[PDB]
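Below is one structure, written out as structure tokens; the observations come after it.
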Amino acid sequence: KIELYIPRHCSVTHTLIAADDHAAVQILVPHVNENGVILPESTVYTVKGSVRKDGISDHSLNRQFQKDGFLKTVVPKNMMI
Amino acid sequence: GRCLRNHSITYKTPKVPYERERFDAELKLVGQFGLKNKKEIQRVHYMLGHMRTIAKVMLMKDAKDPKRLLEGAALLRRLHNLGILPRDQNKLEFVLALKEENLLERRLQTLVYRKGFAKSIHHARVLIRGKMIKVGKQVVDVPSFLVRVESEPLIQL
Amino acid sequence: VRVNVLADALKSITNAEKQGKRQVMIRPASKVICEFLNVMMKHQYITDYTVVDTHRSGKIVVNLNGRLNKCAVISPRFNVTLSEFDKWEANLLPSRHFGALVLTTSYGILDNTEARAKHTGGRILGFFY
Amino acid sequence: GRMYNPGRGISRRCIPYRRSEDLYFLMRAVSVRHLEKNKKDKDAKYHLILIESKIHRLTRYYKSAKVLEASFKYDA
Amino acid sequence: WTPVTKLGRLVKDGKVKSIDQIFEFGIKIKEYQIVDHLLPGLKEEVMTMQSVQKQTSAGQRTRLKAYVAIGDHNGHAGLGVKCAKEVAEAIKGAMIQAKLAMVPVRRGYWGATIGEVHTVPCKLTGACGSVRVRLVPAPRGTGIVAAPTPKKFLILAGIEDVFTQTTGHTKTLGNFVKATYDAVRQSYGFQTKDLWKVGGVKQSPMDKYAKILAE
Amino acid sequence: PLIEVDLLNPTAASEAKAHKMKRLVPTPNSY
Amino acid sequence: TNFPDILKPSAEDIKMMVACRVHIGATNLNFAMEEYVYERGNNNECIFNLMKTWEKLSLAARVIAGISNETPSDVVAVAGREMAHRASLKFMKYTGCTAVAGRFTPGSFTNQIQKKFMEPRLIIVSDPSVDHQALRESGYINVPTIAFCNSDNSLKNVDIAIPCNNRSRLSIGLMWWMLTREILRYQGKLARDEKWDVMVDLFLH
RNA sequence: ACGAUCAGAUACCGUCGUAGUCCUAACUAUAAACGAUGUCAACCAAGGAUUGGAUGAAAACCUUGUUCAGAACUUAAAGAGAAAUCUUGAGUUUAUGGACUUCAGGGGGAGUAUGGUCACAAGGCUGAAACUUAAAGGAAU
RNA sequence: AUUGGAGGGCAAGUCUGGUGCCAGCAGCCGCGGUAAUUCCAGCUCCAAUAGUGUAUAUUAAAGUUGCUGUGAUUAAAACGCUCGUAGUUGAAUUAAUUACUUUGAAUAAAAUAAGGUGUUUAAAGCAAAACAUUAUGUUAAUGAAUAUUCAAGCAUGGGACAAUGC
RNA sequence: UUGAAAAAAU
């Protein structure tokens, strides 16, 4: 095949992840049931290296977590875009 | 200008005079074809470079361009009779993928070898230069005859 | 002073995308800047935009989605003949399959692939990867 | 910024979102030209040139706009 | 043999097959023996053997710095540097760093998607120090139009057609190869139009087999 | 700033703080 | 869905957090922590939103629980400040997560040749200001980090930040106590409808 | 001009002292005249403090919040660069084009010769060539 | 079958005699003061080849003349600073010319690219021949449309970006 | 308080 692989896409910046990027992470948030016990199913978030080193990863993720429903009111309404 | 009859150069010298990676590659073919000197390699390289430049220029235009259809077929047609390009490859992209072994393998010294008349490729020169060989109806003694497809089965003593 | 409003807007958009911002703001908004974005929107390089009227050539808010690499203006808009296209494409665009030029022709503000189809030339506005 | 000095003041009147002589005042040039007694004042002898260069720009414009008569010329 | 890393453990028992499986998830290669397992038959090239010196009270303490470029011709390459008191040790030391510095090379086509890949996909520029190297995609017939120093490296990376334009002090070879390797190293970070698609949900090998390596 | 906020719909308090000409639609502070 | 109804903070948990003045932060406010701050106190100190503290607390515990539910040793909990040494040590006891007690030797995530070289997949730090070294080494091993950040700390190389007081003895012990209990609840090894046997005083320094 | 020190001292060291140092009038027009950083415009991470207004609270001066303009400072895992370093740019540059003006082309010869012009003068401005030579130089170890 | 070369640039000798910072070699770095891989020699082999070095000049290299495209804190290089004419550059907006752009018209050949054509191939030339096994016919045979060609000039389709006053 | 100088090529 022409491509060597399909590179990951950062969930925060919607930009590619380098093969030499050793600051990028991968946060897995398992789904929880009505009882409140984790499940083998999970959703994967990827954050680029340069995002972390600025102080933005924590706030950027809260935008994604709140959108996906893992948080309820952490991020105010006027800060969601 | 002074003279009316045109003249042209059949080859160009390499830009870097001294490379070991080039002396072996060029001497690989000299033994493989019994060529007199390094002029033959450059001439064949010069010949190919002209065709590659036509296809390279022509690939930048649209397929519905009048010049692409006319000139494009003309280059493929010319190659087909010469037999450098296989018939089943009938696109201008395949012209750029040609190599320097395609042109040298249609020379008379090469053709008389694989057909079996000449035992050794050095022996082919004497037979060719001695007018022992004949192409259809005309005697030939230039070992550089780029035979066409039609004249392929018409090479006899 | 602000000689070229288009240059200021494109340089503002490029800076925001490098920082990974979600949206940008362009203070003086013209018809040419609005029409330049439609070429970028039709290629899905930017989500959309909102021209907010302020009675003073109002601002613009542009939504970006992680796709634009660089959009740049070209200083004085050179008259580009149709035979001078691939000379300009071979300079300003990274590859034959990726980039996109922008020309202001008599048939509006078109890109290179549809000004060629429309068979027209014109002054060159800018480009975007 | 300002026309002559490197100051950058952005104070402006703000007309709301609802729609429901200066050349004469720049002749200041008379007041400085005070200079007859303070002959050594190399400052006011410079700020006068700045004022006079402004007048030659408003006259140059009011003539093009066909406001001032074509024979106008500022002088002492 | 007997690796000391989590990823290195997976490779030895044949759990990670392809090298690019490492490259997708950004897992750092910390053992050179891993590369020799998933990339057999790596061709070898030695670029230069330059000697540095350090002035001391007694005299000069000379060490030999060796640049080696490694990589198979299928889109993988790496460059390593090592300085030591002996020539044999310098090449062996640079051997290891070259393998640990493997990087995938993205290549595409010039104008038509007729297999197979020959040239770089877009325009790339690598910035070492004063030396800057720019790679331009080229048609099929054109070889590697470049200086003898990056042409040796570009052969190993498996790029057959390319157009190069160089700026800076190219007579220093250390930066010339590093700037070449820096150009290729970022070939996969340039998000073109065809890479817009997010892609399917995959799993890191260090997470798929996390329970397995725990014992 | 680095913590990005919505631009199209500014908060009620935020437009009160900013400079009169730097609001989304410049309005005076007089009556 | 994603945040079911069994996840409100029960009145017991809120009662102790105000008692341990968890919501009470420092004076200088980092820009990245303005969202968690609700209002400024009477002597110009930040007061964290208790709900925002809990929502981030559970979310951090959920991430740890998933990673630590099959490989407990793949979680590392570092704690530099002498105050948080005991609580970090009990967190290790009840979950199996490795926990570096005192000083963090630089290169313990990068130097494989080291005898004490650990390669985790998640890192929990007690204080980003004191444990900046551990956070910086993550940026070399692609390992996400979780911090008990305060209103003044720098949020560089932290992905999940729990806004809580990380200087007082009570809050340090309490928050680690809640994180351990929440993790066990997600694991299913501790029912949500019962009371945890171990009291907070065990975690206290 | 003397007295010291010194091999010598026409110098640093000490003592005396003309022009000069001050003001007025007319010239001169050069400085390591420096931020060795042209003018104008757009964007641009985090933080504390300060000079002058405006605006709320706190009973002109002080304490606090917003905002405008000015001289500055600190941090960066980021951007640039050869590096020192720069960040209110020296960033947004081989992914090269916002507008305009001036200046430079290896080191000497040389800001020299000649021509022109300005000044009472010293001098300023414009300003080469023959010839000579593989280096001269910048930042850091 | 010669020319030039055998330290590096740059392919080719850790071969043997003299000279002893001398003769000399050397485009640049440099080699020679008694054990020269470079001098003058002998043998060996490297490159090109009926060609091969030198000297001068043009082009590329040279992103070391910058439109594409340079540099100006410290390497060469921001006028001491402000005003200023010519020149260059100029915010948003409207449901008679010029400039711009598209088609042509017209436009010496040779030359360039190029179509055909086996001068034994090639440079060449625009000749000829598949063939009628040829007088007959293909044949009234081919002649490249040969494309262009910059700056102006003529006409025409379009009015976005620009310019000139009412 | 006094302290000047050290031939050329390796």
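Residues in the structure tokens are numbered from 1 in each chain, the chains being A, B, ... in the order shown, and ligands are numbered from 1 in the order shown.
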
Show me, as an NGL selection string, the residues that have an atom within 12 Å of residue 195 in chain G when counting only C-alpha atoms (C1' of nucleotides), minus same-chain residues fewer than 3 positions from it. :G and (10 or 12-13 or 181-182 or 185 or 190-192 or 198-199)

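Interface residues on chain H toward chain F (cut-off 9 Å, only C-alpha atoms (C1' of nucleotides)): residues 45, 46, 66, 67 and 68 of chain H.
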
Polymer residues at most 8 Å from range 196-204 of chain E, only C-alpha atoms (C1' of nucleotides), same-chain spacing of 2 or more positions, as a list in words: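 The filter keeps residues 6, 8 and 9 of chain A; 67 of chain C; 25, 191, 192, 193, 194, 206, 207 and 208 of chain E.
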
I need the chosen residues saved as a PDB file, in the first residue's frame, with C-alpha atoms.
ATOM      1  CA  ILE A   6      -2.651   6.417   8.856  1.00  0.00           C
ATOM      2  CA  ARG A   8      -3.552   9.794  14.430  1.00  0.00           C
ATOM      3  CA  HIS A   9      -5.453  13.071  14.640  1.00  0.00           C
TER       4      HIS A   9
ATOM      5  CA  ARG C  67      -7.267  22.082   8.180  1.00  0.00           C
TER       6      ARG C  67
ATOM      7  CA  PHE E  25       1.381   5.549  18.405  1.00  0.00           C
ATOM      8  CA  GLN E 191      -1.664  17.450   6.991  1.00  0.00           C
ATOM      9  CA  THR E 192      -2.534  17.442   3.290  1.00  0.00           C
ATOM     10  CA  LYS E 193      -6.088  17.281   1.940  1.00  0.00           C
ATOM     11  CA  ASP E 194      -6.127  13.484   1.662  1.00  0.00           C
ATOM     12  CA  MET E 206       1.172  -1.178  24.827  1.00  0.00           C
ATOM     13  CA  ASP E 207      -2.524  -1.146  25.808  1.00  0.00           C
ATOM     14  CA  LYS E 208      -3.734  -4.191  23.858  1.00  0.00           C
TER      15      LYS E 208
END

Residue 68 in chain A surroundings by only C-alpha atoms (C1' of nucleotides), 10 Å radius, close-in-sequence under 4 positions cut, as a list in words: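 Here the qualifying residues turn out to be residues 43, 62, 63, 64 and 72 of chain A; 1, 2 and 3 of chain G.
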
Would you kindly report the residues of chain E within 9 Å of chain B, using only C-alpha atoms, as number ranges by chain? E: 111-112, 114, 139-142

Selection to disk with C-alpha atoms, as an mmCIF file, in the first residue's frame:
data_model
loop_
_atom_site.group_PDB
_atom_site.id
_atom_site.type_symbol
_atom_site.label_atom_id
_atom_site.label_comp_id
_atom_site.auth_asym_id
_atom_site.auth_seq_id
_atom_site.Cartn_x
_atom_site.Cartn_y
_atom_site.Cartn_z
ATOM 1 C CA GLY E 111 0.887 13.691 -11.146
ATOM 2 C CA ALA E 112 -0.707 10.280 -11.626
ATOM 3 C CA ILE E 114 0.247 4.834 -11.251
ATOM 4 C CA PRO E 139 8.521 13.451 -12.426
ATOM 5 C CA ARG E 140 9.267 9.769 -12.904
ATOM 6 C CA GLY E 141 12.437 9.814 -14.985
ATOM 7 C CA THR E 142 14.375 12.413 -12.999
#

Just how far from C1' of residue 162 in chain I is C1' of residue 99 in chain I, in Å to one decimal?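 Going from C1' of residue 99 in chain I over to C1' of residue 162 in chain I covers 7.4 Å.
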
Close residues, range 15-31 of chain I itself excluded, 9 Å, only C-alpha atoms (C1' of nucleotides), min 5 positions apart in chain, as a PyMOL selection string: (chain H and resi 134) or (chain I and resi 7-9+36+38-44) or (chain J and resi 9)

Export of prior selection with N, CA and C atoms (P, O5', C5', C4', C3', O3' and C1' of nucleotides) as a PDB file, in the first residue's frame:
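out.pdb was written with the following content:
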ATOM      1  P     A H 134      48.788  35.467  -0.688  1.00  0.00           P
ATOM      2  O5'   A H 134      47.923  35.160   0.609  1.00  0.00           O
ATOM      3  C5'   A H 134      47.611  33.821   0.967  1.00  0.00           C
ATOM      4  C4'   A H 134      46.382  33.750   1.834  1.00  0.00           C
ATOM      5  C3'   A H 134      45.635  32.422   1.761  1.00  0.00           C
ATOM      6  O3'   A H 134      44.978  32.186   3.006  1.00  0.00           O
ATOM      7  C1'   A H 134      44.223  34.143   1.029  1.00  0.00           C
TER       8        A H 134
ATOM      9  P     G I   7      50.812  11.273  -5.632  1.00  0.00           P
ATOM     10  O5'   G I   7      50.276  11.457  -4.146  1.00  0.00           O
ATOM     11  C5'   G I   7      48.884  11.441  -3.887  1.00  0.00           C
ATOM     12  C4'   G I   7      48.556  12.001  -2.529  1.00  0.00           C
ATOM     13  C3'   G I   7      47.202  12.677  -2.418  1.00  0.00           C
ATOM     14  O3'   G I   7      46.159  11.748  -2.201  1.00  0.00           O
ATOM     15  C1'   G I   7      48.858  14.060  -1.457  1.00  0.00           C
ATOM     16  P     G I   8      44.855  11.779  -3.127  1.00  0.00           P
ATOM     17  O5'   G I   8      43.978  12.943  -2.494  1.00  0.00           O
ATOM     18  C5'   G I   8      43.646  12.931  -1.116  1.00  0.00           C
ATOM     19  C4'   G I   8      43.058  14.248  -0.688  1.00  0.00           C
ATOM     20  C3'   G I   8      42.008  14.827  -1.617  1.00  0.00           C
ATOM     21  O3'   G I   8      40.731  14.270  -1.386  1.00  0.00           O
ATOM     22  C1'   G I   8      43.550  16.511  -0.989  1.00  0.00           C
ATOM     23  P     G I   9      39.769  13.953  -2.621  1.00  0.00           P
ATOM     24  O5'   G I   9      39.330  15.392  -3.134  1.00  0.00           O
ATOM     25  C5'   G I   9      38.582  16.264  -2.300  1.00  0.00           C
ATOM     26  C4'   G I   9      38.443  17.628  -2.923  1.00  0.00           C
ATOM     27  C3'   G I   9      37.978  17.648  -4.368  1.00  0.00           C
ATOM     28  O3'   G I   9      36.570  17.557  -4.470  1.00  0.00           O
ATOM     29  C1'   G I   9      39.835  19.092  -4.100  1.00  0.00           C
ATOM     30  P     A I  36      63.896  11.120   2.040  1.00  0.00           P
ATOM     31  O5'   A I  36      62.417  11.514   1.608  1.00  0.00           O
ATOM     32  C5'   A I  36      61.491  12.046   2.549  1.00  0.00           C
ATOM     33  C4'   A I  36      60.268  12.608   1.866  1.00  0.00           C
ATOM     34  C3'   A I  36      59.634  11.699   0.818  1.00  0.00           C
ATOM     35  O3'   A I  36      58.226  11.912   0.810  1.00  0.00           O
ATOM     36  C1'   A I  36      60.280  13.723  -0.195  1.00  0.00           C
ATOM     37  P     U I  38      56.745  12.315  -3.355  1.00  0.00           P
ATOM     38  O5'   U I  38      56.212  12.663  -4.813  1.00  0.00           O
ATOM     39  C5'   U I  38      54.818  12.683  -5.097  1.00  0.00           C
ATOM     40  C4'   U I  38      54.414  13.933  -5.839  1.00  0.00           C
ATOM     41  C3'   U I  38      55.517  14.966  -6.033  1.00  0.00           C
ATOM     42  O3'   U I  38      55.272  15.679  -7.243  1.00  0.00           O
ATOM     43  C1'   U I  38      53.786  15.910  -4.747  1.00  0.00           C
ATOM     44  P     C I  39      56.267  15.526  -8.491  1.00  0.00           P
ATOM     45  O5'   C I  39      57.518  16.418  -8.084  1.00  0.00           O
ATOM     46  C5'   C I  39      57.522  17.819  -8.307  1.00  0.00           C
ATOM     47  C4'   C I  39      58.925  18.356  -8.265  1.00  0.00           C
ATOM     48  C3'   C I  39      59.908  17.644  -9.178  1.00  0.00           C
ATOM     49  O3'   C I  39      59.898  18.193 -10.482  1.00  0.00           O
ATOM     50  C1'   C I  39      60.827  17.843  -6.997  1.00  0.00           C
ATOM     51  P     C I  40      59.321  17.356 -11.722  1.00  0.00           P
ATOM     52  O5'   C I  40      60.629  16.805 -12.435  1.00  0.00           O
ATOM     53  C5'   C I  40      61.663  17.692 -12.828  1.00  0.00           C
ATOM     54  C4'   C I  40      62.995  16.994 -12.834  1.00  0.00           C
ATOM     55  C3'   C I  40      63.011  15.633 -13.511  1.00  0.00           C
ATOM     56  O3'   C I  40      63.150  15.735 -14.917  1.00  0.00           O
ATOM     57  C1'   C I  40      64.068  15.480 -11.402  1.00  0.00           C
ATOM     58  P     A I  41      63.082  14.428 -15.846  1.00  0.00           P
ATOM     59  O5'   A I  41      62.188  13.406 -15.021  1.00  0.00           O
ATOM     60  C5'   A I  41      61.979  12.083 -15.489  1.00  0.00           C
ATOM     61  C4'   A I  41      63.078  11.163 -15.025  1.00  0.00           C
ATOM     62  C3'   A I  41      62.747   9.678 -15.014  1.00  0.00           C
ATOM     63  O3'   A I  41      62.921   9.078 -16.284  1.00  0.00           O
ATOM     64  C1'   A I  41      63.743  10.286 -12.959  1.00  0.00           C
ATOM     65  P     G I  42      61.668   8.449 -17.064  1.00  0.00           P
ATOM     66  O5'   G I  42      61.737   6.898 -16.716  1.00  0.00           O
ATOM     67  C5'   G I  42      62.877   6.126 -17.058  1.00  0.00           C
ATOM     68  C4'   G I  42      62.987   4.905 -16.183  1.00  0.00           C
ATOM     69  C3'   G I  42      61.731   4.057 -16.074  1.00  0.00           C
ATOM     70  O3'   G I  42      61.589   3.161 -17.162  1.00  0.00           O
ATOM     71  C1'   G I  42      62.639   4.425 -13.916  1.00  0.00           C
ATOM     72  P     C I  43      60.182   3.016 -17.924  1.00  0.00           P
ATOM     73  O5'   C I  43      59.358   1.995 -17.021  1.00  0.00           O
ATOM     74  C5'   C I  43      59.691   0.615 -16.992  1.00  0.00           C
ATOM     75  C4'   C I  43      59.097  -0.071 -15.788  1.00  0.00           C
ATOM     76  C3'   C I  43      57.577  -0.091 -15.718  1.00  0.00           C
ATOM     77  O3'   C I  43      57.020  -1.160 -16.463  1.00  0.00           O
ATOM     78  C1'   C I  43      58.462   0.608 -13.636  1.00  0.00           C
ATOM     79  P     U I  44      55.560  -1.028 -17.122  1.00  0.00           P
ATOM     80  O5'   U I  44      54.569  -0.988 -15.876  1.00  0.00           O
ATOM     81  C5'   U I  44      54.409  -2.115 -15.028  1.00  0.00           C
ATOM     82  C4'   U I  44      53.596  -1.766 -13.807  1.00  0.00           C
ATOM     83  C3'   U I  44      52.234  -1.154 -14.083  1.00  0.00           C
ATOM     84  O3'   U I  44      51.246  -2.135 -14.341  1.00  0.00           O
ATOM     85  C1'   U I  44      53.369   0.150 -12.470  1.00  0.00           C
TER      86        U I  44
ATOM     87  P     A J   9      57.853  32.248  10.901  1.00  0.00           P
ATOM     88  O5'   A J   9      58.360  30.875  10.279  1.00  0.00           O
ATOM     89  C5'   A J   9      58.520  30.723   8.879  1.00  0.00           C
ATOM     90  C4'   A J   9      59.084  29.368   8.538  1.00  0.00           C
ATOM     91  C3'   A J   9      58.369  28.184   9.164  1.00  0.00           C
ATOM     92  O3'   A J   9      57.208  27.814   8.444  1.00  0.00           O
ATOM     93  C1'   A J   9      60.702  27.939   9.447  1.00  0.00           C
TER      94        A J   9
END

Can you tell me, as a list in words, what residues are no more than 12 Å from residue 75 in chain I when counting only C-alpha atoms (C1' of nucleotides), ignoring any on the same chain fewer than 3 positions away?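 What passes the distance filter is residues 82, 104, 106, 136, 137, 138 and 139 of chain H; 71 and 72 of chain I.
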
So which residues touch residue 147 in chain B within 7 Å, counting only C-alpha atoms (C1' of nucleotides), skipping near sequence neighbours fewer than 2 positions away, as a JSON list (two decimals) with N, CA, C and O atoms, in the first residue's frame?
[["chain", "number", "residue", "atom", "x", "y", "z"],
["B", 82, "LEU", "N", 10.05, 1.63, -33.41],
["B", 82, "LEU", "CA", 11.39, 1.35, -32.94],
["B", 82, "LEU", "C", 11.41, 0.18, -31.96],
["B", 82, "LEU", "O", 12.41, -0.55, -31.89],
["B", 106, "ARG", "N", 18.36, -2.56, -28.66],
["B", 106, "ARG", "CA", 17.87, -2.60, -30.03],
["B", 106, "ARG", "C", 18.94, -2.27, -31.05],
["B", 106, "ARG", "O", 18.65, -2.20, -32.24],
["B", 107, "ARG", "N", 20.18, -2.07, -30.61],
["B", 107, "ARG", "CA", 21.28, -1.81, -31.53],
["B", 107, "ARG", "C", 21.61, -3.07, -32.32],
["B", 107, "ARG", "O", 21.30, -4.19, -31.91],
["B", 108, "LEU", "N", 22.23, -2.87, -33.48],
["B", 108, "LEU", "CA", 22.53, -4.00, -34.35],
["B", 108, "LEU", "C", 23.48, -4.98, -33.68],
["B", 108, "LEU", "O", 23.31, -6.20, -33.81],
["B", 145, "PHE", "N", 22.90, 0.58, -35.82],
["B", 145, "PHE", "CA", 21.61, 0.57, -36.50],
["B", 145, "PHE", "C", 20.48, 0.25, -35.53],
["B", 145, "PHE", "O", 20.37, -0.87, -35.04],
["B", 149, "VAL", "N", 10.64, -2.58, -35.47],
["B", 149, "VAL", "CA", 9.93, -3.83, -35.24],
["B", 149, "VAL", "C", 9.79, -4.61, -36.54],
["B", 149, "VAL", "O", 9.92, -5.84, -36.55],
["B", 151, "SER", "N", 11.77, -4.64, -39.13],
["B", 151, "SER", "CA", 13.05, -5.15, -39.58],
["B", 151, "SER", "C", 13.66, -6.14, -38.61],
["B", 151, "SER", "O", 14.76, -6.65, -38.87],
["B", 152, "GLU", "N", 12.99, -6.41, -37.49],
["B", 152, "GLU", "CA", 13.48, -7.42, -36.55],
["B", 152, "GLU", "C", 13.62, -8.80, -37.19],
["B", 152, "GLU", "O", 14.67, -9.44, -37.00]]

Please identify all residues of chain G having at least one atom at most 6 Å from any atom of chain A, considering only C-alpha atoms, and return them as a PyMOL selection string. chain G and resi 2-3+52+63+139-144+155-157+159-160+186+188

Between CA of residue 127 in chain C and CA of residue 15 in chain A, what is the spacing in Å?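 So the answer is 20.5 Å.
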
Considering only C-alpha atoms (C1' of nucleotides), extract the chain H residues located within 9 Å of chain E and return them as an NGL selection string. :H and (81-82 or 94-95)

Write a file of the selected residues as a PDB file, in the first residue's frame, keeping N, CA, C and O atoms (P, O5', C5', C4', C3', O3' and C1' of nucleotides).
ATOM      1  P     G H  81      15.401  30.417  11.455  1.00  0.00           P
ATOM      2  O5'   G H  81      16.803  31.002  11.914  1.00  0.00           O
ATOM      3  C5'   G H  81      17.233  32.269  11.449  1.00  0.00           C
ATOM      4  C4'   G H  81      18.276  32.871  12.352  1.00  0.00           C
ATOM      5  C3'   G H  81      19.532  32.051  12.570  1.00  0.00           C
ATOM      6  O3'   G H  81      20.439  32.145  11.492  1.00  0.00           O
ATOM      7  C1'   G H  81      18.779  32.904  14.633  1.00  0.00           C
ATOM      8  P     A H  82      21.203  30.839  10.971  1.00  0.00           P
ATOM      9  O5'   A H  82      22.176  30.458  12.166  1.00  0.00           O
ATOM     10  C5'   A H  82      23.037  29.332  12.083  1.00  0.00           C
ATOM     11  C4'   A H  82      24.179  29.471  13.049  1.00  0.00           C
ATOM     12  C3'   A H  82      23.790  29.981  14.425  1.00  0.00           C
ATOM     13  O3'   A H  82      23.399  28.923  15.280  1.00  0.00           O
ATOM     14  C1'   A H  82      25.637  31.217  13.595  1.00  0.00           C
ATOM     15  P     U H  94       9.764  29.424   5.663  1.00  0.00           P
ATOM     16  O5'   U H  94       9.687  29.212   4.091  1.00  0.00           O
ATOM     17  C5'   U H  94      10.783  29.551   3.251  1.00  0.00           C
ATOM     18  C4'   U H  94      10.744  28.769   1.965  1.00  0.00           C
ATOM     19  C3'   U H  94      10.994  27.275   2.115  1.00  0.00           C
ATOM     20  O3'   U H  94      10.269  26.584   1.100  1.00  0.00           O
ATOM     21  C1'   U H  94      12.633  28.191   0.713  1.00  0.00           C
ATOM     22  P     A H  95       9.198  25.452   1.483  1.00  0.00           P
ATOM     23  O5'   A H  95       7.886  26.266   1.853  1.00  0.00           O
ATOM     24  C5'   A H  95       7.376  27.263   0.982  1.00  0.00           C
ATOM     25  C4'   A H  95       6.191  27.965   1.593  1.00  0.00           C
ATOM     26  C3'   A H  95       6.531  29.033   2.624  1.00  0.00           C
ATOM     27  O3'   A H  95       5.503  30.022   2.619  1.00  0.00           O
ATOM     28  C1'   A H  95       5.273  27.342   3.655  1.00  0.00           C
TER      29        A H  95
END

Using DSSP assignments from the backbone, pull out every residue in chain A that falls under helix (DSSP H, G or I) and give it to me as a ChimeraX atom specification. /A:49-52,57-68,77-79

Can I get the selected residues back with C-alpha atoms, as a PDB file, in the first residue's frame?
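Output contents, as saved in part25.pdb:
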ATOM      1  CA  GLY A  49       2.615  17.474  22.215  1.00  0.00           C
ATOM      2  CA  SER A  50       2.726  21.233  21.721  1.00  0.00           C
ATOM      3  CA  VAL A  51      -0.720  21.634  23.295  1.00  0.00           C
ATOM      4  CA  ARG A  52       0.398  20.142  26.612  1.00  0.00           C
ATOM      5  CA  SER A  57      -4.388  20.562  27.466  1.00  0.00           C
ATOM      6  CA  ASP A  58      -6.332  20.645  30.728  1.00  0.00           C
ATOM      7  CA  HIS A  59      -8.767  23.339  29.604  1.00  0.00           C
ATOM      8  CA  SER A  60      -9.039  22.013  26.055  1.00  0.00           C
ATOM      9  CA  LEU A  61      -9.914  18.525  27.286  1.00  0.00           C
ATOM     10  CA  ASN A  62     -12.648  19.892  29.560  1.00  0.00           C
ATOM     11  CA  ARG A  63     -14.277  21.286  26.427  1.00  0.00           C
ATOM     12  CA  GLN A  64     -14.211  17.794  24.913  1.00  0.00           C
ATOM     13  CA  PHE A  65     -15.204  15.967  28.104  1.00  0.00           C
ATOM     14  CA  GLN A  66     -18.165  18.295  28.645  1.00  0.00           C
ATOM     15  CA  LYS A  67     -19.246  17.887  25.020  1.00  0.00           C
ATOM     16  CA  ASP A  68     -19.066  14.099  25.357  1.00  0.00           C
ATOM     17  CA  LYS A  77     -21.581  28.174  28.298  1.00  0.00           C
ATOM     18  CA  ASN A  78     -19.737  31.109  26.720  1.00  0.00           C
ATOM     19  CA  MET A  79     -16.480  29.114  26.600  1.00  0.00           C
TER      20      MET A  79
END
